[PDB]
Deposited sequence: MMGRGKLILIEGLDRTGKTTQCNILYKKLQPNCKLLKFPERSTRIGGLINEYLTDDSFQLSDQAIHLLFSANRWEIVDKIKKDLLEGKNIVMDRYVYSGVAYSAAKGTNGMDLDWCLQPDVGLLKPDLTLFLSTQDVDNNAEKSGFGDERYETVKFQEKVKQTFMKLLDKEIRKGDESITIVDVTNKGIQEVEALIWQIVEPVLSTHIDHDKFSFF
């Protein structure tokens, strides 16, 4: 049927990016790799400066909105690809959007507020969250990272309790690259061999 939207989520330095690349290479020639934030766009370059230069000042709400816009500027391309039968592997998406922003404890920016901008976006057919039991970018400090992880856990916990079965949390503690690759492949293979009709999609 139509291609699958596979998302791999997780904290900065958990092997997420390495695993997306591996999966991507494995699903060739019919697979695309998408990273968020997509820094090559005009909006993305703004997010880059924000991430890499602590001096670039931008309120939490604003940067948050830029991250959402960055997905919205690409979602049409994503859908077109899936419909044309192409699998897509995403390195970060809505869940990072909500978790990293909500972890800051800024007045008004709760899970609910953080999610709204992304409401309407395609939801992945499969989301894997890599969990482990630098300092180059803004959000890279041990204390914030611990904060984002509890937030990710809290958010994914709600979605799962709310009946979302497409979310699988994967513990990568003391697991090497190819061991993680095998666990992932275990969850991923079954969905790739599931037929999804072209008019069938889920949205946030």
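The deposited chain is incompletely modelled, with C-alpha atoms absent over 1 to 2, 136 to 145.
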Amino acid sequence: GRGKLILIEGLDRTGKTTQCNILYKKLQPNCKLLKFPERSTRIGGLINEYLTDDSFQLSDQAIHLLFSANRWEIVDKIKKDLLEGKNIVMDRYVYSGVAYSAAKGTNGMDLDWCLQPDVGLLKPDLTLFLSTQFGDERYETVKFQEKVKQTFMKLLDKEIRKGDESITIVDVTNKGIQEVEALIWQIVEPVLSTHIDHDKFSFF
From here on, numbers count along this sequence of modelled residues.
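The PDB entry records a higher mean C-alpha B factor for 37 to 45 than for its counterpart among 66 to 74 and 37 to 45. Once the C-alpha B-factors are averaged per stretch, 83 to 91 and 114 to 122 rank with 83 to 91 first. Taking only the listed residues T151, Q61, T141, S166, the entry reports the highest CA temperature factor at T141.
Among the modelled residues of the chain, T18 sits in the middle third by CA temperature factor in this PDB entry. Ranked by C-alpha B-factor against the other modelled residues of its chain, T127 falls in the lowest third.
Sort the modelled residues of the chain by CA B factor and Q133 lands in the highest third.
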